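Here's the structure, in structure tokens; my notes come after.
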Amino acid sequence: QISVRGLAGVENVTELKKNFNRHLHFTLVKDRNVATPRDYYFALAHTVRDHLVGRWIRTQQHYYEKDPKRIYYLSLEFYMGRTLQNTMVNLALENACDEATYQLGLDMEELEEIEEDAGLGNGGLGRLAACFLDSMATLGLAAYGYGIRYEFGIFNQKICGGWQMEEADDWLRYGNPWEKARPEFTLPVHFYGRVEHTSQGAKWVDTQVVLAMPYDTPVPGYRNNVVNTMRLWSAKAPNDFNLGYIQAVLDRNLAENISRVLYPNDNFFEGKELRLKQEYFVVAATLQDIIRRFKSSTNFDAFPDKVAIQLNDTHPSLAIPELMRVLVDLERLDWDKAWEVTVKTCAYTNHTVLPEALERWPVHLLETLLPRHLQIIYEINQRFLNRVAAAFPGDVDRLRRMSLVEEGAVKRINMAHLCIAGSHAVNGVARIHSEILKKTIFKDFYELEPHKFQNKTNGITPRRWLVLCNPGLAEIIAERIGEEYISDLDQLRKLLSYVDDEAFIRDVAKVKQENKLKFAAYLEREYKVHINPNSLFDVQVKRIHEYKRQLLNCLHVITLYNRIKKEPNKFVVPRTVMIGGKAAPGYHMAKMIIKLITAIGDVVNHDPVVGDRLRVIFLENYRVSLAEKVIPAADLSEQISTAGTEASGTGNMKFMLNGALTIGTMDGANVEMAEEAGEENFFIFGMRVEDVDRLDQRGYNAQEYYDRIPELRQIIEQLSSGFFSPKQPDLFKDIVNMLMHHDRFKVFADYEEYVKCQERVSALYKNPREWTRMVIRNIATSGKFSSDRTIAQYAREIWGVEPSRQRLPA
Ligand SMILES: *Cc1c(COP(=O)(O)O)cnc(C)c1O
């Protein structure tokens, strides 16, 4: 069909078809008379999977022979999404499989929709890890993703009566063809117990044991025959466990609950024991696995030369004291030597500055669950503060500010401080975020060790986020500049010379229109809700959170609605406002925001006077698979977090690469995106970080904005009076009260500039040709945001390894 999807060779299409039938028969035990679409999906999945194994085996054999430095990316989240299409794209099998299934009388797209999303992540943090794995494989790095195989990933979101309802994500229900259980590599993990101090060294004894069973998932690089591994641990109770008989067996559930479910919090720390167990479980199993692999390749001096451990935020921070524990207690290295190795091995990436998101574990929890680790942490702190005291003599406050131990109601361990002390590199995920780290939260640490601090702006993989979800766009681009850009996104700059090309302008616009038509259709297919494909698609999809300000978007929507009702026969650019995202189950305000959005839709979508001029739709169950559908269809990308709160954002990059213009604040990566494309080609508005600080010093008083802005006042009064909730007039009292008296995110402060900026957007949309030309200017300069660039920087500036675009013999 299309170029970038590879060749549909005669021999390969024939081979695919027979292997497809082979699996349908021998693997699924079905014939064409009783096979269902799901059976066909699995038959295709196994057929494609077969093509991975050969490459997987030799890639691993290759690393064993050459023994390069290994990169271990530790994360409690990996938001992988679907694997079938991504695998075909990276193996250049898409057209062949498309043809083969066509000849078998099947629609491959229909089959791809059957695959369950692997949702082992909450959002941006987990998705970044997924993009990173893809890029590390594409750049030929000997990298391993290590995490937890949650039985239940992020919950599926159902909207009932306008409210979010959660339901278990039983993603393993029908089985997972992409994972290979490796029970032979099961490792023991210890919990509780006590510390015994003997003649030579301390011993952690009387512990309760849980087994960690690994499951390996292949991670194919883009057309380079490299297939790396993502190893996820599953909790298994030992057999002598708790060994009435029946009860003892049933109580195994206790130990195995460790890998049962993903905590559904985004940018929010919940200090529960189960979560701490998950964090140690992944770290303990991973480190033993890492050391085992190393001992094959006694003098750990070379450990840092053969191993790099990247901590995805502080979630796996226990890797530092655990590594010390193993080196000191088990390998018997002197403290100083062990510490040197640990620091040179570990690197930490911070993904937030929000106080409620930082991990601060109660000492009493670590005391009971991990007694030896607590001792090691105290020793680390003791030695670290001695260093601080020597550098800043007499500065007693600095000592208490930098301590890993926070005093107060209950003593807590600041995991971020632990990570900085035990890592040779600490990085932010966007230039502005990394600067904020050095100027605020980690200022004291930056002053003590400036060399440790770096920036590594986030990125997204152009394979899944362009080629896979937007083949039409990838095609028209390849037509003009070739296919090299897929693994070298910077080449998109060449598209700048086509900004005045009438043919190109027309094609870019045509692809967008086709995507919108396809999405508009999907909305009626699976969700039954009519929308106008000619309207501007205004979308904000991301987790529901106060800092992301879906509420600001809501205020604008209501403003648009009120303006139409005031002057019905006045022309306005038609818009379809789409907002989607999940709210953490225990985040009340977030759940109220979802209700507000659907409530606004209830009024707006049924008002005769509005017609098809304005529609408000809440995209149910936003997840990776849905993102792949809506992003390519978007015209306007909403990235409106309060300046200084969105560490980076990555959804923003996805929209930019897919032909949507961006309306946003100078926050996170938005700053660099505007810088790359040019501010004239971006819709920037609102306070900058400095303005937010100025307002805080003075004191934020929402009442002021309410008193000076009639349109804003009207909206608040509509919310308070029950205009959007007739049966329950005071339904949104909490929202109004928050907005008026304790809005940490200054929604009102950016309201005027936001509405004004939105008017500029509507003005440009009225001129199809110029809107599209600006779009081309965005797509052409999105190259910097490829995770290949990000990973190349991590590789050279932190891990000390050189990326390679060399194909392996397949
Ligand atoms: C990319 C992505 C995110 C991150 O979006 P932001 O707007 O940066 O918060 C969250 N969820 C999903 C499913 C994603 O694909």
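If you read the sequence from its start, that first residue is 1, and numbering goes on from there. These numbers come from the heavy atoms of this one structure, side chains and all, not from hydrogens, waters or symmetry mates.
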*Can you pull the salt bridge (charged side-chain N to carboxylate O under 4.0 Å, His left out) pairs that have at least one residue in residues 579-599, sequence neighbours excluded?*
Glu166-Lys591
*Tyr547 and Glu646 side chains, donor-acceptor separation under 3.5 Å*: yes
*Should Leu128 and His351 count as side-chain neighbours, where that means a heavy-atom distance under 4.5 Å?*
yes
*What pair of heavy atoms forms the shortest contact from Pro533 to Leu517, and how long is it?*
CB-CD2, 3.8 Å
*Does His741 use its side chain to pair, donor to acceptor, with the backbone of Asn737 at less than 3.5 Å?*
no
_Do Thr457 and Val429 make a side-chain contact, defined as non-hydrogen atoms from C-beta onward lying under 4.5 Å apart?_
no
*Hey, mind stepping through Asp266 and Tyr587 against side-chain hydrogen bond (donor to acceptor under 3.5 Å, both in side chains) and telling me if it holds?*
CA-CA 10 Å; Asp266 187 283; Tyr587 192 176; over 6 Å; no
_Quiz question: by atom type and distance under 3.5 Å, do the side chains of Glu638 and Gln758 form a donor-acceptor pair?_
yes
*Taking only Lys NZ, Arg NE, NH1 and NH2, and the carboxylate oxygens of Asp or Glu, determine whether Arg694 and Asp691 approach each other closer than 4.0 Å.*
yes
_Quick check against the 3.5 Å criterion: does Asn532 have a side-chain atom that pairs as donor or acceptor with the backbone of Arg613?_
no
*asked:* When you measure from the side chain of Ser135 to the backbone of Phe132, do you find a donor-acceptor pair of N or O atoms at a distance under 3.5 Å?
replied: no
*Do side-chain atoms of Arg615 reach the backbone of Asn605 as a donor and acceptor pair under 3.5 angstrom?*
yes
*Hey, is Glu672 close enough to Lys784 for a salt bridge, meaning N to O under 4.0 Å?*
yes
_Presence of salt bridge, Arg713 and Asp707, under 4.0 angstrom_ = no
_Any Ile579 side-chain heavy atom under 4.5 Å of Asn553 side chain_ = yes
*asked:* Please check this pair: side chain of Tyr485 against backbone of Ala474, looking for a donor-acceptor N/O pair closer than 3.5 Å.
replied: yes
_Smallest separation among heavy atoms of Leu489 and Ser782, with atom names_ = CD1-O, 4.1 Å
*Calculate, to the nearest 0.5 Å, the distance between atoms CD1 and CE belonging to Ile460 and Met653 respectively.*
7.5 Å
_Nearest 0.5 Å, please: how far is CG in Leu354 from CD1 in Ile441?_
9.5 Å
*asked:* Minimum heavy-atom separation for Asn455 and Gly428, please, with both atom names.
replied: ND2-O, 3.7 Å
*Do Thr650 and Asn458 have side-chain N/O donor and acceptor atoms under 3.5 Å apart?*
no
*Is it true that a side-chain atom of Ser75 and a backbone atom of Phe78 form a donor plus acceptor pair closer than 3.5 Å?*
no
*asked:* Does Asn350 form a side-chain hydrogen bond (donor to acceptor under 3.5 Å, both in side chains) with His433? I'd like the steps, not just the answer.
replied: CA-CA 9 Å; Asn350 164 278; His433 166 59; 2.9 Å; yes
*Which pair of heavy atoms, one from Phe519 and one from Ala633, lies closest together, and at what distance?*
CB-CB, 3.7 Å
*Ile663 and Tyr754: side chain to side chain contact (heavy atoms under 4.5 Å, CB included), yes or no, with the steps?*
CA-CA 9 Å; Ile663 179 166; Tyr754 178 54; 3.8 Å; yes
*Taking all heavy atoms of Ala627 and all of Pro632, pick out the closest pair and write down the distance.*
O-CD, 3.8 Å
*asked:* For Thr461, is there any backbone N or O sitting under 3.5 Å from a side-chain donor or acceptor partner on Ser787?
replied: yes
_Within-4.5 Å side-chain heavy-atom neighbours: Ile715 and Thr559_ = yes
*Salt bridge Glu546-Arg744, side-chain N to carboxylate O under 4.0 Å*: no
_Strictly distance-based, threshold 3.5 Å: is any side-chain N or O of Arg773 a donor or acceptor partner for the main-chain N or O of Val499?_
yes
*Passes side chain to side chain contact (heavy atoms under 4.5 Å, CB included), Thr642 versus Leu552? Steps please.*
CA-CA 10 Å; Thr642 307; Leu552 181 55; over 6 Å; no
*Measure from the side-chain N and O atoms of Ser641 to the backbone N and O of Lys548, and report whether any donor-acceptor pair falls under 3.5 Å.*
no
Would you list the atom pairs, donor with acceptor, under 3.5 Å between side chains in residues 118-127 and any protein atom, with sequence neighbours excluded?
residue: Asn122; atom: OD1; partner: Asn265; partner atom: N; Å: 3.4
residue: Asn122; atom: OD1; partner: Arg543; partner atom: NH1; Å: 2.8
residue: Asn122; atom: ND2; partner: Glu77; partner atom: OE2; Å: 2.9
residue: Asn122; atom: ND2; partner: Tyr263; partner atom: O; Å: 2.9
residue: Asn122; atom: ND2; partner: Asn265; partner atom: O; Å: 3.2
residue: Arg127; atom: NE; partner: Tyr79; partner atom: O; Å: 3.3
residue: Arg127; atom: NH2; partner: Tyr79; partner atom: O; Å: 3.3
residue: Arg127; atom: NH2; partner: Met80; partner atom: O; Å: 3.2

_Determine whether the aromatic ring centres of residues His545 and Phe268 are separated by less than 6.0 angstrom._
no
*Applying side-chain contact (heavy atoms from CB on, under 4.5 Å) between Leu657 and each of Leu466, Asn652, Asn778, report the one that passes.*
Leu466
_Close side-chain approach of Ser720 to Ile716, heavy-atom, < 4.5 Å_ = yes
*For the pair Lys629 and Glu526, find out whether any cationic side-chain nitrogen is under 4.0 Å from an anionic carboxylate oxygen.*
no
*State plainly whether the residues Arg464 and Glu628 are in salt-bridge range, i.e. N to O under 4.0 Å.*
yes
*Determine whether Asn621 and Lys158 make a side-chain contact, defined as any pair of heavy atoms from C-beta on separated by less than 4.5 Å.*
no
*Look up atom CE in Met738 and atom CZ in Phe732, then write down how far apart they are to the nearest 0.5 Å.*
12.5 Å
*Do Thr662 and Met673 have side chains that get closer than 4.5 Å, going by heavy atoms?*
yes
*Under the 3.5 angstrom rule, does the side chain of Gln718 hit a backbone N or O of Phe724 as a donor-acceptor pair?*
no
*Once the angle between the rings of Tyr498 and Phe504 is folded into 0 to 90°, is it parallel (under 30°), tilted (30 to 60°) or perpendicular (over 60°)?*
tilted
_Test: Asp667 and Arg688 ion pair at under 4.0 Å_ = no
*Apply salt bridge (charged side-chain N to carboxylate O under 4.0 Å, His left out) to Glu759 and list each qualifying residue two or more places apart in sequence or on a separate chain.*
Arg563
_Rounded at 0.5 Å granularity, tell me how far OH in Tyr700 sits from CG in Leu695._
7.5 Å
*Evaluate the side chain to side chain contact (heavy atoms under 4.5 Å, CB included) criterion for residues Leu661 and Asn681: first the C-alpha distance (whole Å), next the side-chain angles of each, then the deciding distance (0.1 Å), finally the verdict.*
CA-CA 8 Å; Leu661 292 187; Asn681 299 303; over 6 Å; no
*Could you check if a side-chain atom of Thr790 sits within less than 4.5 angstrom of a side-chain atom of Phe785, using non-hydrogen atoms only?*
no
_Please confirm whether the ring centroid of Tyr705 lies under 6.0 Å from the ring centroid of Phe748._
no
*How many angstroms lie between CG in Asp169 and CG in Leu262, if you round to the nearest 0.5 Å?*
9.0 Å
*asked:* Any carboxylate oxygen within less than 4.0 angstrom of a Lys/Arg side-chain nitrogen, looking at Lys516 and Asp635?
replied: yes
*Taking 4.0 angstrom as the limit, do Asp743 and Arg549 come out as a salt bridge?*
no
*State plainly whether the residues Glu435 and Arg431 are in salt-bridge range, i.e. N to O under 4.0 Å.*
no
